[PDB]
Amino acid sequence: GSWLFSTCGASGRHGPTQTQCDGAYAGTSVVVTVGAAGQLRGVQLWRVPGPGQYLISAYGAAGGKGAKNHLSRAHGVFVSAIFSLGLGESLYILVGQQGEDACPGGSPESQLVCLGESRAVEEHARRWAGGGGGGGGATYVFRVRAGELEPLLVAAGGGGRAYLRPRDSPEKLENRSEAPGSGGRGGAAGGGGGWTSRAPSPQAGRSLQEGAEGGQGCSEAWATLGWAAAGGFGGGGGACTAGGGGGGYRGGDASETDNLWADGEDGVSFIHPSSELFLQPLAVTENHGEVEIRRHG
C-alpha cells in the first residue's frame, strides 16, 4: 500500500548509513540499500514492487533558523506526481536533511550570540561573522535508465535564515530535462547545490553529482565564534552571517556579500515531464524532508 522514506534519523550535512536505515525501517513496508560511499553515499535504493502507477510525494527539508532571526524556518517544498513504472524498476531516494539552526550554538561563543548577549558581528559590520542558518537539503527521487541518472522528482529545500531579521516568494519549478542543474549564487554564505553544479567553495551545497553533502559553515564565522551552522544533506548551503541557500534541481542563491539580513533563497524543484502532475509545489516541510509513495488506482 504505502511506503514512507525518512532520513533514517540522520541530521546535518552527511547522509544516513545502512545501519541507520535498517533500524528506521524495521517493522515497516520499506526495505532499502543505502549507498555506502562515493557519489551516492546515503541514497536509498528501493525496489519497485511491480509495474503500475505510483503517486510519489517528495518533501524537501526546511532551512535553519538564524541567531536573531528565528520566528520560522523557510519550509521545504512538497512536490508530487504520478509515475507509470515498469517491471524491474528501482528508485533512488535522497531524503533532504534540515539546514542547521544557528541556535543552540555548537560552541560557547556561538551560544552567547544565541542568548542575545553578543552584538559583536553587528558592531564590526579578519572579518567578524556568524549567526546564520544553513540551507535545507532537497529531496531527490531518480532512477538509472540507459546508463544515466534520470531525475524524476526533486523537492526543493528551504533557504537558511540570516543572522538578523528586518525591523519591519513563489515556489520555483523546473520541468525540462535539458535545463541546467546549476548551483546557487553565494560567497561566504554558501549557495545551494543542484543536480550537476560544481561547488566553488567548501560552503556551497554539493550537487547530487558531487554526492549532495551539505556545505560547511564559512571559515570566517568559525574564526569568530568557534562554530558555524552547516547545510543539510541534499545540497543545502553552509551558513555565514547570511543564510545558506536551499538545495534543489537548481540550488538557491545565497548572499554574495554575507549581508546581515539576507536569508538564503529556496532551491528549485523538478518534476519530470513524462509524469502526471498531482498537486502543485507547496512549502510545507517544518524539519527534515521525506518521501511517501502509494499505489494510484
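Note that residue numbering follows the sequence shown and begins at 1.
Gap check for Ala125 to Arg126: 10 or more deposited residues are absent from the model. Unmodelled stretch separating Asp168 from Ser169: 4 to 9 residues (count of deposited-sequence residues without coordinates).
Higher average CA B factor: 110 to 118, of the stretches 197 to 205 and 110 to 118. The PDB entry records a higher mean C-alpha B factor for 46 to 54 than for its counterpart among 46 to 54 and 244 to 252. Comparing the listed residues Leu40, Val268, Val32, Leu260, the entry records the largest Cα B-factor for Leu260. Highest CA B-factor among the listed residues (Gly158, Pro104, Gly191, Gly134): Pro104.
Sort the modelled residues of the chain by CA B factor and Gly215 lands in the lowest third. The PDB entry assigns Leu71 a C-alpha temperature factor belonging to the highest third of its chain's modelled residues. In the deposited entry, the Cα temperature factor of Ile82 places it in the middle third of its chain's modelled residues. Sort the chain's modelled residues by C-alpha temperature factor and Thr224 lands in the middle third, per the entry.
Annotation for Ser275: CA B-factor lies in the lowest third of the chain's modelled residues.
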